[PDB]
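Have a look below at one chain only, the form deposited in one PDB entry, in C-alpha cells format.
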C-alpha cells in the first residue's frame, strides 16, 4: 500500500478533514496512468501521536470491502504523510444536500438512507462499531450513490449511554444513524441548532426527540423514532433498518 510521492500529482483542495485539508489529485500508477484520487493530508504529522491516529484510519478502511464504503488506495508514510483514497466527486453529503435542496426528490433522500444502512449492516456483520455516524462523514460518489467516508465529542449525535457513560456499541451506532437519517431528510441541517451541547442530554432524558422533518413519510419518521429508544436493547439492528428502508424506498418510487 505504500505509494511513491512522485506518482501523485496534488490538485485542488476539495475540503477539510479532521486531521487537515483533503485534495483531489492524480495517481500515475502502473495499473492506470491517470487515476483520479482523493488525498488526505495531516497537519502536525511530525507528532507521532497525531500521525498514529491519522494512519489508523487507513488501516481501518483497508479491512472493508463494500459498495457504500470508500476504498483505500494507498499511503505515503514519509513527512508530509498522505492517505490516498477513492475520489467521490460530488463531495461531502451535507454540502451536497444544502446546495441541491430543491433539486433532490424524496426518493433520492430515502435512497441515501438505504445505502448507508447497507454499509452499516455490513459493519455490524463484522462486529465493528463506528462510533461517529453523522452526515458529515458521508461522501457522494454520484447523484444515486453515497458512501461512508471517514473513520470535541459529537454530543448532538450521541446515544444517551454514550454521553452519560462513554459506552459505544452497535446499539449506540443505531441511535446515531437515526440522527443521520434526520439530517438527510432535513437537507443537511444539523440536529439541535441553537442548543448548547450541555443541554442535549437533559432533553433526551425528558423524552424529547428531533421533530418530523417537513415532507418526511410517516413510516420513515417512525423508523427514526425506533432508533431513538432510550433503552439500547429496544433499538432495531441494521438488518431490520435496511429491510424497512428498502420497502419505504419502493413505496416512494411507486408514488
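The term rigid core refers to the maximal set of C-alpha atoms that superpose within 1.5 Å between the two forms. Residue numbers count along the first chain shown, from 1.
Checked against the other entries of this protein, residue 152 counts as unresolved in at least one third of those spanning it. According to the entry, the deposited sequence places 10 or more unmodelled residues between residue 151 and residue 152. Stretches compared: 205-213, 226-234. Higher mean C-alpha B-factor in the entry: 205-213. For the two regions 98-106 and 166-174, the entry's Cα B-factors average higher over 98-106. You'll see in the entry that, of 191, 188, 194, 67, the Cα B factor peaks at 194.
Among the modelled residues of its chain, residue 50 has a C-alpha B-factor that falls in the highest third according to the deposited record.
The deposited CA B-factor of residue 155 belongs to the highest third of values across its chain. For residue 124, the recorded CA temperature factor ranks within the lowest third of the chain's modelled residues. In this PDB entry, residue 37 carries a Cα temperature factor that places it within the lowest third of its chain's modelled residues. Residue 118: CA B factor lies in the lowest third for its chain, per the PDB record.
Note that the form deposited in another entry isn't included here; everything after this is about it.
Compared between the shown form and the other one on the core, the listed residues 107, 163, 88, 76 keep their C-alpha shifts below 2 Å, save 76.
The Cα shift for residue 18 between the shown form and the other one, taken after rigid core superposition, is 2 angstroms or larger. Shown in the overlay between the shown form and the other one, fitted on the rigid core, is a CA shift at residue 203 smaller than 2 Å. Once the cores line up, the CA of residue 30 ends up 2 angstroms or more apart between the shown form and the other one. The pair residue 33 and residue 142 is tighter in that other deposited form: their Cα-Cα distance falls by no less than 3 Å compared with this form. Three angstroms is the minimum change: in that other deposited form, the CA atoms of residue 54 and residue 190 sit farther apart than in this structure, by 3 Å or more.
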